[PDB]
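Novice: data.pdb is reproduced below (PDB, C-alpha atoms and all ligand atoms).
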MODEL        1
ATOM      1  CA  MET A   1     -80.650 -28.080  -7.719  1.00  0.00           C
ATOM      2  CA  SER A   2     -77.580 -26.527  -9.342  1.00  0.00           C
ATOM      3  CA  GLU A   3     -77.622 -24.943 -12.797  1.00  0.00           C
ATOM      4  CA  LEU A   4     -75.975 -28.112 -14.139  1.00  0.00           C
ATOM      5  CA  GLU A   5     -78.664 -30.282 -12.524  1.00  0.00           C
ATOM      6  CA  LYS A   6     -81.398 -27.971 -13.858  1.00  0.00           C
ATOM      7  CA  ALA A   7     -79.830 -28.350 -17.291  1.00  0.00           C
ATOM      8  CA  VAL A   8     -79.971 -32.161 -17.108  1.00  0.00           C
ATOM      9  CA  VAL A   9     -83.655 -31.956 -16.108  1.00  0.00           C
ATOM     10  CA  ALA A  10     -84.373 -29.514 -18.944  1.00  0.00           C
ATOM     11  CA  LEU A  11     -82.829 -31.957 -21.417  1.00  0.00           C
ATOM     12  CA  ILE A  12     -84.993 -34.917 -20.367  1.00  0.00           C
ATOM     13  CA  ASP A  13     -88.073 -32.664 -20.057  1.00  0.00           C
ATOM     14  CA  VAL A  14     -87.896 -31.077 -23.531  1.00  0.00           C
ATOM     15  CA  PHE A  15     -87.296 -34.481 -25.136  1.00  0.00           C
ATOM     16  CA  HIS A  16     -90.226 -36.083 -23.292  1.00  0.00           C
ATOM     17  CA  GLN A  17     -92.540 -33.238 -24.282  1.00  0.00           C
ATOM     18  CA  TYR A  18     -91.761 -33.288 -27.985  1.00  0.00           C
ATOM     19  CA  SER A  19     -91.297 -37.051 -28.411  1.00  0.00           C
ATOM     20  CA  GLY A  20     -94.604 -37.724 -26.666  1.00  0.00           C
ATOM     21  CA  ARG A  21     -96.740 -35.742 -29.105  1.00  0.00           C
ATOM     22  CA  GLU A  22     -97.231 -38.444 -31.726  1.00  0.00           C
ATOM     23  CA  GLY A  23     -96.557 -42.060 -32.640  1.00  0.00           C
ATOM     24  CA  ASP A  24     -93.654 -43.603 -30.765  1.00  0.00           C
ATOM     25  CA  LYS A  25     -93.812 -41.712 -27.486  1.00  0.00           C
ATOM     26  CA  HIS A  26     -90.107 -42.153 -26.802  1.00  0.00           C
ATOM     27  CA  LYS A  27     -88.843 -40.901 -30.165  1.00  0.00           C
ATOM     28  CA  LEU A  28     -88.962 -37.701 -32.209  1.00  0.00           C
ATOM     29  CA  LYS A  29     -90.552 -38.076 -35.637  1.00  0.00           C
ATOM     30  CA  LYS A  30     -89.721 -35.459 -38.285  1.00  0.00           C
ATOM     31  CA  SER A  31     -92.556 -33.101 -37.350  1.00  0.00           C
ATOM     32  CA  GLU A  32     -91.631 -33.339 -33.656  1.00  0.00           C
ATOM     33  CA  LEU A  33     -87.925 -32.731 -34.303  1.00  0.00           C
ATOM     34  CA  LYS A  34     -88.806 -29.776 -36.553  1.00  0.00           C
ATOM     35  CA  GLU A  35     -90.938 -28.073 -33.900  1.00  0.00           C
ATOM     36  CA  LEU A  36     -88.369 -28.716 -31.167  1.00  0.00           C
ATOM     37  CA  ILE A  37     -85.726 -26.952 -33.294  1.00  0.00           C
ATOM     38  CA  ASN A  38     -87.984 -24.063 -34.350  1.00  0.00           C
ATOM     39  CA  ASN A  39     -89.486 -23.415 -30.900  1.00  0.00           C
ATOM     40  CA  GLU A  40     -86.627 -24.323 -28.571  1.00  0.00           C
ATOM     41  CA  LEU A  41     -83.459 -23.546 -30.546  1.00  0.00           C
ATOM     42  CA  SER A  42     -84.528 -20.365 -32.366  1.00  0.00           C
ATOM     43  CA  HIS A  43     -81.537 -18.417 -31.019  1.00  0.00           C
ATOM     44  CA  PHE A  44     -78.983 -21.081 -32.020  1.00  0.00           C
ATOM     45  CA  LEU A  45     -80.256 -22.569 -35.315  1.00  0.00           C
ATOM     46  CA  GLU A  46     -81.922 -20.987 -38.351  1.00  0.00           C
ATOM     47  CA  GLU A  47     -85.655 -21.667 -38.493  1.00  0.00           C
ATOM     48  CA  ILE A  48     -86.566 -24.708 -40.588  1.00  0.00           C
ATOM     49  CA  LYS A  49     -88.901 -23.609 -43.438  1.00  0.00           C
ATOM     50  CA  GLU A  50     -88.172 -26.312 -46.037  1.00  0.00           C
ATOM     51  CA  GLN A  51     -89.118 -29.983 -45.883  1.00  0.00           C
ATOM     52  CA  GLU A  52     -85.759 -30.823 -47.427  1.00  0.00           C
ATOM     53  CA  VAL A  53     -84.068 -29.259 -44.395  1.00  0.00           C
ATOM     54  CA  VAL A  54     -86.028 -31.405 -41.930  1.00  0.00           C
ATOM     55  CA  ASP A  55     -85.217 -34.443 -44.084  1.00  0.00           C
ATOM     56  CA  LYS A  56     -81.500 -33.679 -44.049  1.00  0.00           C
ATOM     57  CA  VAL A  57     -81.453 -32.949 -40.308  1.00  0.00           C
ATOM     58  CA  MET A  58     -83.185 -36.229 -39.487  1.00  0.00           C
ATOM     59  CA  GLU A  59     -80.832 -38.100 -41.836  1.00  0.00           C
ATOM     60  CA  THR A  60     -77.871 -36.707 -39.891  1.00  0.00           C
ATOM     61  CA  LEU A  61     -79.239 -37.423 -36.418  1.00  0.00           C
ATOM     62  CA  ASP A  62     -80.773 -40.836 -37.180  1.00  0.00           C
ATOM     63  CA  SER A  63     -78.101 -43.522 -36.735  1.00  0.00           C
ATOM     64  CA  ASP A  64     -80.238 -46.687 -36.404  1.00  0.00           C
ATOM     65  CA  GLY A  65     -82.591 -46.208 -39.353  1.00  0.00           C
ATOM     66  CA  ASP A  66     -86.075 -45.941 -37.899  1.00  0.00           C
ATOM     67  CA  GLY A  67     -86.381 -42.487 -39.402  1.00  0.00           C
ATOM     68  CA  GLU A  68     -86.775 -41.099 -35.877  1.00  0.00           C
ATOM     69  CA  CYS A  69     -84.562 -39.464 -33.276  1.00  0.00           C
ATOM     70  CA  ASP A  70     -84.380 -41.456 -30.035  1.00  0.00           C
ATOM     71  CA  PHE A  71     -82.928 -40.157 -26.785  1.00  0.00           C
ATOM     72  CA  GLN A  72     -79.354 -41.275 -27.481  1.00  0.00           C
ATOM     73  CA  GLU A  73     -79.487 -39.540 -30.866  1.00  0.00           C
ATOM     74  CA  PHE A  74     -80.990 -36.402 -29.326  1.00  0.00           C
ATOM     75  CA  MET A  75     -78.149 -36.344 -26.787  1.00  0.00           C
ATOM     76  CA  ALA A  76     -75.674 -36.518 -29.661  1.00  0.00           C
ATOM     77  CA  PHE A  77     -77.491 -33.543 -31.214  1.00  0.00           C
ATOM     78  CA  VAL A  78     -77.281 -31.575 -27.953  1.00  0.00           C
ATOM     79  CA  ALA A  79     -73.551 -32.345 -27.725  1.00  0.00           C
ATOM     80  CA  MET A  80     -73.108 -31.128 -31.336  1.00  0.00           C
ATOM     81  CA  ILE A  81     -74.854 -27.860 -30.482  1.00  0.00           C
ATOM     82  CA  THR A  82     -73.027 -27.287 -27.181  1.00  0.00           C
ATOM     83  CA  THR A  83     -69.704 -28.022 -28.879  1.00  0.00           C
ATOM     84  CA  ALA A  84     -70.521 -25.648 -31.769  1.00  0.00           C
ATOM     85  CA  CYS A  85     -71.242 -22.963 -29.155  1.00  0.00           C
ATOM     86  CA  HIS A  86     -68.159 -23.795 -27.078  1.00  0.00           C
ATOM     87  CA  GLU A  87     -66.247 -23.312 -30.346  1.00  0.00           C
ATOM     88  CA  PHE A  88     -68.104 -20.191 -31.502  1.00  0.00           C
ATOM     89  CA  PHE A  89     -66.662 -18.483 -28.412  1.00  0.00           C
TER      90      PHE A  89
ATOM     91  CA  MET B   1     -83.878 -18.194 -23.419  1.00  0.00           C
ATOM     92  CA  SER B   2     -85.839 -21.397 -23.984  1.00  0.00           C
ATOM     93  CA  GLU B   3     -85.159 -24.001 -21.301  1.00  0.00           C
ATOM     94  CA  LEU B   4     -83.090 -25.965 -23.828  1.00  0.00           C
ATOM     95  CA  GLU B   5     -80.940 -22.954 -24.771  1.00  0.00           C
ATOM     96  CA  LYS B   6     -80.489 -22.178 -21.071  1.00  0.00           C
ATOM     97  CA  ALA B   7     -79.313 -25.757 -20.600  1.00  0.00           C
ATOM     98  CA  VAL B   8     -76.770 -25.471 -23.408  1.00  0.00           C
ATOM     99  CA  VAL B   9     -75.378 -22.260 -21.958  1.00  0.00           C
ATOM    100  CA  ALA B  10     -75.272 -23.741 -18.441  1.00  0.00           C
ATOM    101  CA  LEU B  11     -73.218 -26.729 -19.627  1.00  0.00           C
ATOM    102  CA  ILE B  12     -70.595 -24.435 -21.176  1.00  0.00           C
ATOM    103  CA  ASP B  13     -70.557 -22.101 -18.187  1.00  0.00           C
ATOM    104  CA  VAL B  14     -70.216 -24.761 -15.485  1.00  0.00           C
ATOM    105  CA  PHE B  15     -67.382 -26.443 -17.365  1.00  0.00           C
ATOM    106  CA  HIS B  16     -65.438 -23.204 -17.601  1.00  0.00           C
ATOM    107  CA  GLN B  17     -66.212 -22.321 -13.958  1.00  0.00           C
ATOM    108  CA  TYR B  18     -64.218 -25.362 -12.872  1.00  0.00           C
ATOM    109  CA  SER B  19     -61.773 -25.972 -15.711  1.00  0.00           C
ATOM    110  CA  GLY B  20     -60.360 -22.480 -15.243  1.00  0.00           C
ATOM    111  CA  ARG B  21     -59.447 -22.965 -11.583  1.00  0.00           C
ATOM    112  CA  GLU B  22     -55.998 -24.519 -12.038  1.00  0.00           C
ATOM    113  CA  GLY B  23     -53.536 -25.762 -14.579  1.00  0.00           C
ATOM    114  CA  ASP B  24     -54.723 -25.763 -18.143  1.00  0.00           C
ATOM    115  CA  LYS B  25     -57.858 -23.641 -17.937  1.00  0.00           C
ATOM    116  CA  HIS B  26     -59.531 -25.649 -20.744  1.00  0.00           C
ATOM    117  CA  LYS B  27     -59.537 -29.113 -19.182  1.00  0.00           C
ATOM    118  CA  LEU B  28     -60.717 -30.456 -15.873  1.00  0.00           C
ATOM    119  CA  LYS B  29     -57.835 -31.920 -13.889  1.00  0.00           C
ATOM    120  CA  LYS B  30     -58.727 -34.357 -11.099  1.00  0.00           C
ATOM    121  CA  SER B  31     -59.219 -31.695  -8.422  1.00  0.00           C
ATOM    122  CA  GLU B  32     -61.369 -29.532 -10.749  1.00  0.00           C
ATOM    123  CA  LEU B  33     -63.487 -32.539 -11.735  1.00  0.00           C
ATOM    124  CA  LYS B  34     -63.864 -33.688  -8.133  1.00  0.00           C
ATOM    125  CA  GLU B  35     -65.380 -30.409  -6.964  1.00  0.00           C
ATOM    126  CA  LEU B  36     -67.553 -29.936 -10.065  1.00  0.00           C
ATOM    127  CA  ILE B  37     -69.138 -33.274  -9.115  1.00  0.00           C
ATOM    128  CA  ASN B  38     -69.289 -32.615  -5.383  1.00  0.00           C
ATOM    129  CA  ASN B  39     -70.715 -29.072  -5.680  1.00  0.00           C
ATOM    130  CA  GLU B  40     -72.749 -29.180  -8.872  1.00  0.00           C
ATOM    131  CA  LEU B  41     -74.025 -32.774  -8.893  1.00  0.00           C
ATOM    132  CA  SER B  42     -74.703 -33.209  -5.166  1.00  0.00           C
ATOM    133  CA  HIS B  43     -78.280 -34.345  -5.874  1.00  0.00           C
ATOM    134  CA  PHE B  44     -77.434 -36.817  -8.653  1.00  0.00           C
ATOM    135  CA  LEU B  45     -74.150 -38.375  -7.581  1.00  0.00           C
ATOM    136  CA  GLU B  46     -72.623 -39.587  -4.351  1.00  0.00           C
ATOM    137  CA  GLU B  47     -70.033 -37.195  -2.945  1.00  0.00           C
ATOM    138  CA  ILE B  48     -66.450 -38.203  -3.809  1.00  0.00           C
ATOM    139  CA  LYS B  49     -64.196 -38.563  -0.763  1.00  0.00           C
ATOM    140  CA  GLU B  50     -61.468 -41.005  -1.789  1.00  0.00           C
ATOM    141  CA  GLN B  51     -58.532 -40.642  -4.129  1.00  0.00           C
ATOM    142  CA  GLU B  52     -59.399 -44.071  -5.530  1.00  0.00           C
ATOM    143  CA  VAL B  53     -62.792 -42.715  -6.656  1.00  0.00           C
ATOM    144  CA  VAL B  54     -61.408 -39.457  -8.112  1.00  0.00           C
ATOM    145  CA  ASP B  55     -58.948 -41.705  -9.943  1.00  0.00           C
ATOM    146  CA  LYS B  56     -61.558 -44.137 -11.224  1.00  0.00           C
ATOM    147  CA  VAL B  57     -63.981 -41.411 -12.348  1.00  0.00           C
ATOM    148  CA  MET B  58     -61.221 -39.653 -14.294  1.00  0.00           C
ATOM    149  CA  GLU B  59     -60.052 -43.000 -15.717  1.00  0.00           C
ATOM    150  CA  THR B  60     -63.606 -43.598 -16.932  1.00  0.00           C
ATOM    151  CA  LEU B  61     -64.062 -40.158 -18.504  1.00  0.00           C
ATOM    152  CA  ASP B  62     -60.581 -39.648 -19.978  1.00  0.00           C
ATOM    153  CA  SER B  63     -61.109 -41.123 -23.462  1.00  0.00           C
ATOM    154  CA  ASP B  64     -57.960 -39.604 -25.024  1.00  0.00           C
ATOM    155  CA  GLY B  65     -55.638 -40.602 -22.166  1.00  0.00           C
ATOM    156  CA  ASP B  66     -54.091 -37.249 -21.239  1.00  0.00           C
ATOM    157  CA  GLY B  67     -55.167 -37.502 -17.584  1.00  0.00           C
ATOM    158  CA  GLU B  68     -57.676 -34.635 -17.795  1.00  0.00           C
ATOM    159  CA  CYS B  69     -61.298 -34.257 -18.886  1.00  0.00           C
ATOM    160  CA  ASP B  70     -61.728 -31.925 -21.843  1.00  0.00           C
ATOM    161  CA  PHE B  71     -65.018 -30.445 -23.043  1.00  0.00           C
ATOM    162  CA  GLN B  72     -65.923 -33.333 -25.346  1.00  0.00           C
ATOM    163  CA  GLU B  73     -65.280 -35.817 -22.538  1.00  0.00           C
ATOM    164  CA  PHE B  74     -67.366 -33.661 -20.200  1.00  0.00           C
ATOM    165  CA  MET B  75     -70.219 -33.675 -22.707  1.00  0.00           C
ATOM    166  CA  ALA B  76     -70.007 -37.494 -22.760  1.00  0.00           C
ATOM    167  CA  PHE B  77     -70.198 -37.451 -18.943  1.00  0.00           C
ATOM    168  CA  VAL B  78     -73.302 -35.241 -19.124  1.00  0.00           C
ATOM    169  CA  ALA B  79     -74.762 -37.621 -21.732  1.00  0.00           C
ATOM    170  CA  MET B  80     -74.212 -40.492 -19.268  1.00  0.00           C
ATOM    171  CA  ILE B  81     -76.008 -38.668 -16.478  1.00  0.00           C
ATOM    172  CA  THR B  82     -78.915 -37.483 -18.594  1.00  0.00           C
ATOM    173  CA  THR B  83     -79.443 -40.840 -20.209  1.00  0.00           C
ATOM    174  CA  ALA B  84     -79.666 -42.481 -16.771  1.00  0.00           C
ATOM    175  CA  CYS B  85     -82.219 -39.869 -15.712  1.00  0.00           C
ATOM    176  CA  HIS B  86     -84.215 -40.435 -18.912  1.00  0.00           C
ATOM    177  CA  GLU B  87     -84.197 -44.216 -18.526  1.00  0.00           C
ATOM    178  CA  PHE B  88     -85.567 -43.640 -15.011  1.00  0.00           C
ATOM    179  CA  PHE B  89     -88.662 -41.531 -15.680  1.00  0.00           C
ATOM    180  CA  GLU B  90     -89.341 -43.863 -18.624  1.00  0.00           C
TER     181      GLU B  90
HETATM  182  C1  LIG C 101     -73.638 -18.158 -33.516  1.00  0.00           C
HETATM  183  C2  LIG C 101     -74.645 -19.183 -33.125  1.00  0.00           C
HETATM  184  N1  LIG C 101     -74.000 -20.239 -32.303  1.00  0.00           N
HETATM  185  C3  LIG C 101     -74.288 -21.535 -32.908  1.00  0.00           C
HETATM  186  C4  LIG C 101     -73.728 -21.592 -34.315  1.00  0.00           C
HETATM  187  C5  LIG C 101     -74.521 -20.185 -30.971  1.00  0.00           C
HETATM  188  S1  LIG C 101     -75.444 -18.871 -30.533  1.00  0.00           S
HETATM  189  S2  LIG C 101     -73.719 -21.108 -29.671  1.00  0.00           S
HETATM  190  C1  LIG C 102     -82.673 -37.913  -9.428  1.00  0.00           C
HETATM  191  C2  LIG C 102     -83.777 -37.858 -10.426  1.00  0.00           C
HETATM  192  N1  LIG C 102     -83.714 -36.581 -11.185  1.00  0.00           N
HETATM  193  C3  LIG C 102     -85.073 -36.077 -11.364  1.00  0.00           C
HETATM  194  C4  LIG C 102     -85.115 -34.568 -11.248  1.00  0.00           C
HETATM  195  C5  LIG C 102     -83.108 -36.811 -12.463  1.00  0.00           C
HETATM  196  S1  LIG C 102     -81.934 -38.134 -12.682  1.00  0.00           S
HETATM  197  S2  LIG C 102     -83.296 -35.695 -13.684  1.00  0.00           S
HETATM  198 CA    CA C 103     -93.051 -39.249 -31.079  1.00  0.00          CA
HETATM  199 CA    CA C 104     -83.119 -43.351 -34.863  1.00  0.00          CA
HETATM  200 CA    CA C 105     -58.110 -26.812 -16.050  1.00  0.00          CA
HETATM  201 CA    CA C 106     -58.732 -36.368 -21.746  1.00  0.00          CA
ENDMDL
END
Could you spell out this file's structure in structure tokens?

Specialist:
Amino acid sequence: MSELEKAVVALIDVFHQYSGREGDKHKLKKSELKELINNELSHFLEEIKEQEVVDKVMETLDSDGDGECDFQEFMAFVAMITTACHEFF
Amino acid sequence: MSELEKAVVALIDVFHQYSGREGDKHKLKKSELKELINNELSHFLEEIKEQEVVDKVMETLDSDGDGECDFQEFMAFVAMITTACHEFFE
């Protein structure tokens, strides 16, 4: 597989791992989203150390009101990050 | 890098690999898009060999109408591909 294909796989893999920890196995609850950001985006985003930060991040990502981040919403988050990086440079 | 950070960097790098080839170096024109797909998505998508298909794929991705695929449009393309992959293993 190409680097682009490996990237696509990485995206579905990391989501599956974190979303599958608790509750709805196809969505990220707050604790799951928090750990994904802290463990997997530590070089891009400041570490989350306040519950009010996780609350605000979920509020931003959650567009259908289940209080969770589904795959579509996670993809929007990834696009936000990749764009912010494409713009940082 | 974490696998996710690697993925983010790869997306940026592959886009610039191809977008820089010709023309504007910040958008994918049809020929740039065609070979990104044929070379870098050869395991996920059928190889493009017609003009009609190059045309239709660009028509689909070109949300702002300028005839090229910019980074935001490319990210939407990637979102399409990844979502299809996710719906599959699920
Ligand atoms: C400067 C950090 N940036 C995100 C704001 C990335 S490393 S792409
Ligand atoms: C072709 C299936 N592939 C699995 C590696 C994805 S769509 S990620
Ligand atoms: Ca979950
Ligand atoms: Ca949601
Ligand atoms: Ca270009
Ligand atoms: Ca366009």

Novice: Between CA of residue 77 (chain A) and CA of residue 17 (chain A), what distance in Å does the model show, to one decimal?

Specialist: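 Those two atoms sit 16.6 Å apart.
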
Novice: Any residue with an atom at most 9 Å from ligand CA 104 (chain C) counts, using all atoms listed in the file. Which are they? Put them as number ranges by chain.

Specialist: A: 27-28, 58, 61-73

Novice: Pull the neighbourhood of (-67.2, -34.6, -7.3) for me: all residues within 12 Å in file coordinates, counting all atoms listed in the file, as a PyMOL selection string.

Specialist: chain B and resi 18+28-51+53-58

Novice: Chain A residues within 10 Å of chain B, counting all atoms listed in the file: which ones, as number ranges by chain?

Specialist: A: 1-16, 26, 36-37, 39-44, 71-72, 74-76, 78-83, 85-86

Novice: Give, as lines of an AutoDock Vina configuration file, the centre coordinates and the x, y and z edge lengths in Å to one decimal for an axis-aligned box around all listed atoms of ligand LIG 101 (chain C), padded by 6 Å on each side.

Specialist:
center_x = -74.5
center_y = -19.9
center_z = -32.0
size_x = 13.8
size_y = 15.4
size_z = 16.6

Novice: May I ask which of the residues B:88, B:27, B:17, B:52 is the closest one to residue 67 (chain B), counting all atoms listed in the file?

Specialist: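 Going through B:88, B:27, B:17, B:52 one by one, the smallest distance to residue 67 (chain B) is for B:27.
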
Novice: How many Å separate CA of residue 21 (chain A) from CA of residue 50 (chain A)?

Specialist: 21.2 Å

Novice: If the limit is 6 Å from any atom of ligand CA 105 (chain C), counting only C-alpha atoms and all ligand atoms, which residues qualify? Return them as an mmCIF file with C-alpha atoms, in the coordinates of the input.

Specialist:
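Final output, pocket.cif:
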data_model
loop_
_atom_site.group_PDB
_atom_site.id
_atom_site.type_symbol
_atom_site.label_atom_id
_atom_site.label_comp_id
_atom_site.auth_asym_id
_atom_site.auth_seq_id
_atom_site.Cartn_x
_atom_site.Cartn_y
_atom_site.Cartn_z
ATOM 1 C CA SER B 19 -61.773 -25.972 -15.711
ATOM 2 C CA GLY B 20 -60.360 -22.480 -15.243
ATOM 3 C CA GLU B 22 -55.998 -24.519 -12.038
ATOM 4 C CA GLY B 23 -53.536 -25.762 -14.579
ATOM 5 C CA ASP B 24 -54.723 -25.763 -18.143
ATOM 6 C CA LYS B 25 -57.858 -23.641 -17.937
ATOM 7 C CA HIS B 26 -59.531 -25.649 -20.744
ATOM 8 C CA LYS B 27 -59.537 -29.113 -19.182
ATOM 9 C CA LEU B 28 -60.717 -30.456 -15.873
ATOM 10 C CA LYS B 29 -57.835 -31.920 -13.889
#
